[PDB]
Amino acid sequence: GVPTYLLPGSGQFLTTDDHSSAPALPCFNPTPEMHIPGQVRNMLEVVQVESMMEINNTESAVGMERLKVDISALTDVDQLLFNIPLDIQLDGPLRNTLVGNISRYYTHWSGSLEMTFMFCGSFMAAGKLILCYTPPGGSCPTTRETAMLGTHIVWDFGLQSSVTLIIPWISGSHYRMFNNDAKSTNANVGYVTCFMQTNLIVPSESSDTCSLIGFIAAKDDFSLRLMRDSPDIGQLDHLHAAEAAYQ
Amino acid sequence: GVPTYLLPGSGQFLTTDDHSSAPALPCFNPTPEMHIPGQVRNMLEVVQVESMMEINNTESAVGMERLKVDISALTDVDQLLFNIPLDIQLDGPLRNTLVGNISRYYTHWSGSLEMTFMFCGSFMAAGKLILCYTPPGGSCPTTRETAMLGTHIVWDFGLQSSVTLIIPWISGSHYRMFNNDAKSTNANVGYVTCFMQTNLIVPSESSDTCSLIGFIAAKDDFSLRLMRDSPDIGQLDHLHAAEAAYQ
Amino acid sequence: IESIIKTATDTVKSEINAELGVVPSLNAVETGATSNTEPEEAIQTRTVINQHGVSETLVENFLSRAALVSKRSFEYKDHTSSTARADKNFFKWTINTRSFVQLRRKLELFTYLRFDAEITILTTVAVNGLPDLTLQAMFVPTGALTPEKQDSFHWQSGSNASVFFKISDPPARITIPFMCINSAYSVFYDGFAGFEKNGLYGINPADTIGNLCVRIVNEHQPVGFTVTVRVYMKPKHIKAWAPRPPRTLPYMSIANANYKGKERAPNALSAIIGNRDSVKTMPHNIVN
Amino acid sequence: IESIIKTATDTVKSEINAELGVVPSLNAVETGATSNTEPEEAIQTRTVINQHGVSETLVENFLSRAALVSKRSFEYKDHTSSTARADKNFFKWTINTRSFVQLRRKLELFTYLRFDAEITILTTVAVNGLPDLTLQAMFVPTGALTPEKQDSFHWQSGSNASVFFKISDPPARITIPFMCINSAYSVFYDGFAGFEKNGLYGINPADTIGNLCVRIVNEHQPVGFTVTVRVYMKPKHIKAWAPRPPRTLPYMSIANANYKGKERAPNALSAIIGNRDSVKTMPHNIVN
Amino acid sequence: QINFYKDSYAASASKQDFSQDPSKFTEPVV
Amino acid sequence: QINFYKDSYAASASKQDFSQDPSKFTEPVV
Amino acid sequence: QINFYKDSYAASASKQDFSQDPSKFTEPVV
Amino acid sequence: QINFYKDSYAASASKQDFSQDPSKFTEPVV
């Protein structure tokens, strides 16, 4: 017949191989395809949707207080309000986001991010903020004179209640890794900080402690590769009733 | 020669695989095909044939009394005569039918049914019946005012001795399952009930207890998939003389 | 009207029908014809483009699933002291669809079948380490000379189609052709095989494929093994004629259609379908 | 606008923009739309021809990785003295994506999935030499008759798609088709299966594939073996609808989406993301 | 599909005959 | 790629559908 | 059928020679 | 015949060179 020989790699079950396999139910007629709304054909559709950052990932912020940042009227000039760890691949405010949870199924990621901050004060509350994306290399900037040298956006509080801090893809490498080393040149992204441009100024009938909801999506520049399993989920024992699926 | 490698699934005997195998008797000449009458090329030919329901699946109906429903003259108004469990896949009056026994070789079924009721009274016996297919969700309707809101047919007893209660395919899903759960939204079909429209009225020389033979076939809408082995047959031990087939 | 039907038929929409003379729900069972009342003709329907394929109900796809037809655990040891009834390292088997009831009830749905048997012989072994035994499965025709020993000279297979296979190999699959002298296998044979009145009723030998004499080619080893040989038949290239009522009662024997039924319903003689309380009692009722 | 996107999009160069009326950084989250501020529109960019392929983020490539769905070590021995709870040389398994959390969280990213299961059954054996056991993995539908013994007559497989395979062979790989009665598998089923109020919440049986009854075809051998049968499911031909928040809290059960969370952050109930000192405290700070 | 044998019965199962005639069963009348 | 089976679901994974529409998610507004 | 060898005798059996002449046996006369 | 390798020496034996010249042995004279 046909003179063949087995290569190395014969009879091995690679999990990610793509080969046609034997149909269990022959001449099966699957259910006809109905137009179900909202088909995802590519996971970067899911990533480019905005999703809330937990910038307030502190203690004494229990549950939903972690999603908003309380900013107040300040008596000092040009004070730091918050800074955001930009490690998508590591634990931090970007982790439980749509750009974060999907990228923790991957290792190498590229493309520009997109931070959107929705002010949730009163309509009478007037204020201005600066949102400085500092490219990495140095420490997180604590004064505004240090931070506004980087990429920033200055935001007035009026009719439109949100800016977009585009985090540009500034990297030497084409992609960026996970390493468990947040301080690596291949993994570190930079630092987004926020400072009072002027101040949060409310009248006597508005609440003095207004809020900021911080979103992050990715852009059309964004890309992911080198798929891995997510570290966001674990499994110590069998789940409950999993033994009852066999009974 | 040809560089090959064994996939997962090599050397395994799937029962339902479709591969050309080695002929035991080479250059065999099979017997020439003769036109034998009544070829079935598709099992839905067998299903679309009418076949008697055992609506009288009670005790004290021994054998053939289960195939007919005894209806009588009634002194009360608008009384229930019979109701039919519509679970083809489960045990009930539809089980020992051509639509039932073939569909118990399958799991998922679609398409409209077809109940035909042949009156077998005298020619002098005059009567009227309503045959209400109630789509599922609620209880089996016990009064006629409850049941005639559903799909029904009103049937006069004259020259033609049979109606067709078309059970329309009313389902959310494309198909319907077997589950051993007759009360499931994926499995339950509804309830066919029968009520006296007027009454069964016989003269003094006809028998007061006339009969109804209930048929069910399927329509051209009907369909079956996900083939399984039938629960209608079992095998506890070896059959008799099966050891003598080896001797 | 013979027509090619790949999917289930569409449902046309219909409107309010109030017409004298045309009574499509009224039909005649006494003619023997199944009622041609369309769902459009009975109730008021919408337009439904039905895309449900009918391909899994094909009789080819119905019966071409390799089902079990034979199973013998037989001892593999010294048979110098064993009785002259057990398998002395070989078994003959008249190839018989009737031994196992799942394939039997499927093949007894029809009266006449024209199929090619795709015999797959799965041999499996247990100890009374496992050996890699070689097995011969010599196909003997119906009534021809079957061997008497393991090492008898009938196994030389001058013309009988032996298949030699190992336990460590994939299962031996051969294709027995359509081997009836008639144009179809008489699944039910209302009649007798012999011209005298001693013939067995229902057993047409033309329906019988033949013998499947299976021995273990190796000699006897010092420890005994229990070798179980499962035979799986896949009917293929199937033409089927005259369908029948599916058998409801349990089978009693492989030689005939005797019936006893269960003691109680379901599948009993006096009551095939399981009983309920009354004809107006709904067993699975949605009570909220 | 539906468009074919094979690589990530290029970045056009931009210049100094000082324009009234056009404020592309200012956007409205309250509309629900994600901000359309291009990087050209926010900062001053160069021309970048981005050649980064987006092909590994395809939902086909996302979910078609054969992940573990079942795992049972079960004893293979004489079961004449064992209790009537353990596996007497066979196990039934209702095929269930929910048992193992890596594939479960990936499939619970979406609401509706339309995939073909590429079931790979890896059987591995340990001694309590190794035998070359033959295994049957009979695919039973949801709720149908599952076998009661190892050598019961349900394993004859008249129509259920059994796959017979050995330990020494490569792992048995079959393709379960898209077997939902609906047009997609309801991964989350906000509703009840039954019409009565006793039905289990969230468990749609249409989402359930079926049973995977797996026995060892060999008889019991004089020494006992612990046979571990791992089942690997590869979703393929995948269409996916309505993505969801990925589950952050640990799973509690396979039947529902109950949550307890970790005791402390990360992945706790009161604190999903791990805590830090203040909102103005940078945890991984480059201090030189 | 493949059929490298010299016998036409040795091929794979012919699961393509979609011609059906139910009218010799549902309407067997003249 | 290869697909010597008689069933179209039995083929290899269709890793070629590069059509995406993020504007039903990023811009779901009217 | 297949015959990937370099020798024509190494091929499969030639079960195609349907030419027969019984008249050199049944009618061997002149 | 088959030769799915990238090296021409890795092929099967070339048993086709029927050119012979015995006259450089049987008649080696000028």
# chains A, B, ... in the order shown; residues from 1 in each chain; ligands from 1

$ residues_around --residues "region 13-24 of chain F" --least-positions-apart "5" --cutoff "9 Å" --atoms "only C-alpha atoms" --output "PyMOL selection string"
(chain A and resi 18-20+38-42+44-46+48-49) or (chain D and resi 1-6+54-55+58-61+64+235-238) or (chain F and resi 29)

$ select_by_dssp --residues "chain G" --states "helix (DSSP H, G or I)" --output "ChimeraX atom specification"
/G:8-10,22-24

$ closest_atom_pairs --of "chain A" --to "chain D" --cutoff "6 Å" --atoms "only C-alpha atoms" --output "Markdown table"
| residue | atom | partner | partner_atom | distance |
| --- | --- | --- | --- | --- |
| A:11 | CA | D:170 | CA | 5.0 |
| A:15 | CA | D:66 | CA | 4.7 |
| A:16 | CA | D:65 | CA | 4.8 |
| A:21 | CA | D:174 | CA | 5.8 |
| A:22 | CA | D:174 | CA | 4.9 |
| A:23 | CA | D:175 | CA | 4.5 |
| A:24 | CA | D:175 | CA | 5.5 |
| A:30 | CA | D:178 | CA | 5.7 |
| A:31 | CA | D:183 | CA | 5.6 |
| A:33 | CA | D:183 | CA | 5.6 |
| A:34 | CA | D:183 | CA | 5.9 |
| A:38 | CA | D:242 | CA | 5.3 |
| A:39 | CA | D:241 | CA | 4.2 |
| A:40 | CA | D:240 | CA | 5.5 |
| A:41 | CA | D:59 | CA | 5.5 |
| A:42 | CA | D:58 | CA | 4.1 |
| A:43 | CA | D:57 | CA | 5.1 |
| A:49 | CA | D:34 | CA | 5.8 |
| A:50 | CA | D:34 | CA | 5.5 |
| A:56 | CA | D:279 | CA | 5.4 |
| A:57 | CA | D:275 | CA | 5.1 |
| A:58 | CA | D:275 | CA | 4.7 |
| A:62 | CA | D:270 | CA | 5.1 |
| A:63 | CA | D:270 | CA | 4.3 |
| A:82 | CA | D:280 | CA | 4.3 |
| A:83 | CA | D:280 | CA | 5.1 |
| A:138 | CA | D:286 | CA | 5.5 |
| A:139 | CA | D:286 | CA | 4.5 |
| A:162 | CA | D:27 | CA | 5.6 |
| A:163 | CA | D:26 | CA | 4.6 |
| A:164 | CA | D:25 | CA | 5.0 |
| A:166 | CA | D:39 | CA | 6.0 |
| A:220 | CA | D:9 | CA | 5.7 |
| A:221 | CA | D:9 | CA | 5.2 |
| A:223 | CA | D:54 | CA | 5.8 |
| A:225 | CA | D:56 | CA | 5.6 |
| A:239 | CA | D:253 | CA | 4.9 |
| A:240 | CA | D:253 | CA | 4.3 |
| A:242 | CA | D:99 | CA | 5.9 |
| A:245 | CA | D:94 | CA | 5.8 |
| A:246 | CA | D:93 | CA | 4.5 |

$ atom_distance --atom1 "CA of residue 8 (chain E)" --atom2 "CA of residue 214 (chain C)"
26.5 Å

$ closest_atom_pairs --of "chain B" --to "chain A" --cutoff "9 Å" --atoms "only C-alpha atoms" --output "CSV"
residue,atom,partner,partner_atom,distance
B:1,CA,A:3,CA,5.1
B:2,CA,A:4,CA,4.4
B:3,CA,A:5,CA,5.4
B:4,CA,A:6,CA,5.1
B:5,CA,A:10,CA,4.2
B:6,CA,A:11,CA,4.5
B:7,CA,A:11,CA,5.4
B:8,CA,A:13,CA,5.7
B:9,CA,A:21,CA,7.4
B:10,CA,A:11,CA,7.4
B:14,CA,A:24,CA,7.5
B:15,CA,A:24,CA,8.4
B:16,CA,A:24,CA,6.3
B:17,CA,A:22,CA,6.9
B:18,CA,A:26,CA,8.1
B:174,CA,A:31,CA,6.9
B:175,CA,A:31,CA,8.2
B:225,CA,A:28,CA,6.6
B:226,CA,A:28,CA,6.9
B:227,CA,A:25,CA,7.4

$ residues_around --residues "residue 10 (chain H)" --least-positions-apart "6" --cutoff "12 Å" --atoms "only C-alpha atoms" --output "VMD selection string"
(chain B and resid 1) or (chain H and resid 1 to 4)

$ atom_distance --atom1 "CA of residue 185 (chain B)" --atom2 "CA of residue 106 (chain B)"
18.2 Å

$ atom_distance --atom1 "CA of residue 201 (chain B)" --atom2 "CA of residue 150 (chain B)"
26.1 Å

$ residues_around --residues "residue 90 (chain A)" --least-positions-apart "2" --cutoff "12 Å" --atoms "only C-alpha atoms" --output "PyMOL selection string"
(chain A and resi 85-88+92-96+100-101+103-107+176-183+187-189+230-232) or (chain D and resi 266+273-274+283-284)

$ write_last_selection --atoms "C-alpha atoms" --output "PDB file, in the first residue's frame"
ATOM      1  CA  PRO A  85      -0.952  51.223  38.519  1.00  0.00           C
ATOM      2  CA  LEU A  86      -0.913  50.537  34.798  1.00  0.00           C
ATOM      3  CA  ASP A  87      -0.014  46.842  34.911  1.00  0.00           C
ATOM      4  CA  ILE A  88      -2.825  45.184  32.976  1.00  0.00           C
ATOM      5  CA  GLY A  92      -4.081  46.365  40.328  1.00  0.00           C
ATOM      6  CA  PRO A  93      -6.958  48.658  39.328  1.00  0.00           C
ATOM      7  CA  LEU A  94      -6.836  47.560  35.702  1.00  0.00           C
ATOM      8  CA  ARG A  95      -7.181  43.855  36.554  1.00  0.00           C
ATOM      9  CA  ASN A  96     -10.949  43.627  36.996  1.00  0.00           C
ATOM     10  CA  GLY A 100      -7.725  43.535  32.107  1.00  0.00           C
ATOM     11  CA  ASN A 101      -9.551  40.239  32.504  1.00  0.00           C
ATOM     12  CA  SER A 103      -5.566  40.294  28.690  1.00  0.00           C
ATOM     13  CA  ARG A 104      -4.894  38.002  31.628  1.00  0.00           C
ATOM     14  CA  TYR A 105      -5.785  35.207  29.238  1.00  0.00           C
ATOM     15  CA  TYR A 106      -2.743  36.391  27.293  1.00  0.00           C
ATOM     16  CA  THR A 107       0.883  37.237  27.967  1.00  0.00           C
ATOM     17  CA  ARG A 176       4.741  43.821  26.569  1.00  0.00           C
ATOM     18  CA  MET A 177       5.061  40.741  28.747  1.00  0.00           C
ATOM     19  CA  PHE A 178       3.787  39.361  31.989  1.00  0.00           C
ATOM     20  CA  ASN A 179       6.669  38.351  34.213  1.00  0.00           C
ATOM     21  CA  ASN A 180       5.469  38.633  37.859  1.00  0.00           C
ATOM     22  CA  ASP A 181       7.978  41.538  37.751  1.00  0.00           C
ATOM     23  CA  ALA A 182       6.095  44.830  37.581  1.00  0.00           C
ATOM     24  CA  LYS A 183       9.374  46.781  37.463  1.00  0.00           C
ATOM     25  CA  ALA A 187       6.402  44.691  31.431  1.00  0.00           C
ATOM     26  CA  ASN A 188       6.033  48.120  33.032  1.00  0.00           C
ATOM     27  CA  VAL A 189       3.619  50.524  31.372  1.00  0.00           C
ATOM     28  CA  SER A 230      -6.165  33.218  33.622  1.00  0.00           C
ATOM     29  CA  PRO A 231      -4.636  33.750  37.076  1.00  0.00           C
ATOM     30  CA  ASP A 232      -7.889  35.479  38.090  1.00  0.00           C
TER      31      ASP A 232
ATOM     32  CA  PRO D 266      -7.678  39.679  45.982  1.00  0.00           C
ATOM     33  CA  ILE D 273      -8.778  43.717  43.550  1.00  0.00           C
ATOM     34  CA  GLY D 274      -6.021  43.467  46.173  1.00  0.00           C
ATOM     35  CA  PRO D 283       2.580  49.809  44.997  1.00  0.00           C
ATOM     36  CA  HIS D 284       5.250  48.980  42.400  1.00  0.00           C
TER      37      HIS D 284
END

$ residues_around --residues "residue 128 (chain A)" --least-positions-apart "4" --cutoff "9 Å" --atoms "only C-alpha atoms" --output "list in words"
residues 154, 155, 156, 157, 195, 196, 197, 198, 199 and 200 of chain A
